[PDB]
Structure formats: structure tokens, C-alpha cells
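Starting from 1, each residue takes its place in the sequence as its number. Every number for a ligand or one of its atoms is a count from 1 in the order of the listing. Just so you know, these numbers use all the heavy atoms, side chains as well, and skip hydrogens, waters and symmetry mates.
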Amino acid sequence: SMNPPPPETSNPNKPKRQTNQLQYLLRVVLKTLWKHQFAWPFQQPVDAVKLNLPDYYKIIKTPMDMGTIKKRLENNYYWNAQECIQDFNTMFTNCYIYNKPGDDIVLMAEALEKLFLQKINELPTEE
Ligand SMILES: Cc1ccc(CN(C)c2cc(C)nc3ncnn23)cc1
């Protein structure tokens, strides 16, 4: 029933880059999903205590959220775009694992994920 530590957003010994793909992931992909009407549930780690979801972190062992992704991108935590893309996919997947088809939160995830997919479809070539 307790919350875990959040995912890491800082690790000074992890090597870092700011690729044109990673910039796109911040300026286009994150910005698009962040501003969306359905962004709010996904803008920070799931608070299992406040939300009374005592089994959340029994089920979800790789938590992820856009608050975490936003800090990662802004703090240049990644080496490549695929790390970040995986973070987004992990976020959507967790929601689908924990919840049921047609739940409100699932329809929100789905709307954000459709947009995610449309933006990632135009990820620029690595320059
Ligand atoms: C429509 C809706 C439904 C549930 C919540 C609670 N909350 C912030 C989240 C957020 C996320 C991302 N997954 C969740 N799985 C169950 N609750 N929950 C917020 C909004």
C-alpha cells in the first residue's frame, strides 16, 4: 500500500547525449502529450496512497509517468531516443496492465498513445 521511491531522473555517472531525436522527443512528443486534456493522471508518479490503490505497486514493477520523462529529457538523462520511447511505452502499458478495457483512464492512455504514435512516426533521422 506504500509508494515506492520514484524512478531515477538523475545519475551523474550515466553517459548522456542531446541528439536531434531526443530534442524532438521533448519539443514535439512530450510537449504535445503534456498539454492534452487527458495529460493530468500521467503528469506525475501514481500516488497509491492518495488514490487508495494499495495493490498498484504489487502489479506495476516498472512504474513510469510523463513527470519522470519530462525531468529525464530536461535534465538530459538519456543516451538515445529509444530509451525515452521505451519510457512512454512503459507508461501506457502499465495503465493497460493495471486497469480494465474501457475504463476512463484506459481511454485517456489510448488517446495519448495515438498521438504519441503519430509523432514518433515522424521522428527525424539522426543527424
Ligand atoms: C480517469 C482517472 C482514473 C484514475 C485516476 C487515478 N490515477 C492518477 C491513475 C493514473 C494512472 C496513470 N494509472 C492509473 N491506474 C489507476 N489509477 N490511475 C485518474 C483519472
Starting from the C-alpha separation in whole Å, work towards a yes-or-no answer on side-chain contact (heavy atoms from CB on, under 4.5 Å) for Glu113 and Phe88. CA-CA 8 Å; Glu113 183 182 26; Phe88 282 102; over 6 Å; no
May I have a table of the N/O to N/O pairs between ligand 1 and the protein that fall below 3.5 Å, each row giving the two atom names and the distance to 0.1 Å?
residue	atom	partner	partner atom	Å
ligand 1	15 (N)	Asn99	OD1	3.4
ligand 1	15 (N)	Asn99	ND2	2.8

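For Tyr56 and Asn3, the side-chain atoms include no donor-acceptor pair closer than 3.5 Å. There is a side-chain donor-acceptor pair under 3.5 Å between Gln86 and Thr90.
Of the inter-residue distances, the one linking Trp79 atom CH2 with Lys14 atom NZ reads 9.0 Å to the nearest 0.5 angstrom.
No salt bridge links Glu110 with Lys114; every basic N to acidic carboxylate O contact stays at or beyond 4.0 Å.
For the side-chain hydrogen bond (donor to acceptor under 3.5 Å, both in side chains) with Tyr77, the qualifying choice from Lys71, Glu8, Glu83 is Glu8, the only one to do so.
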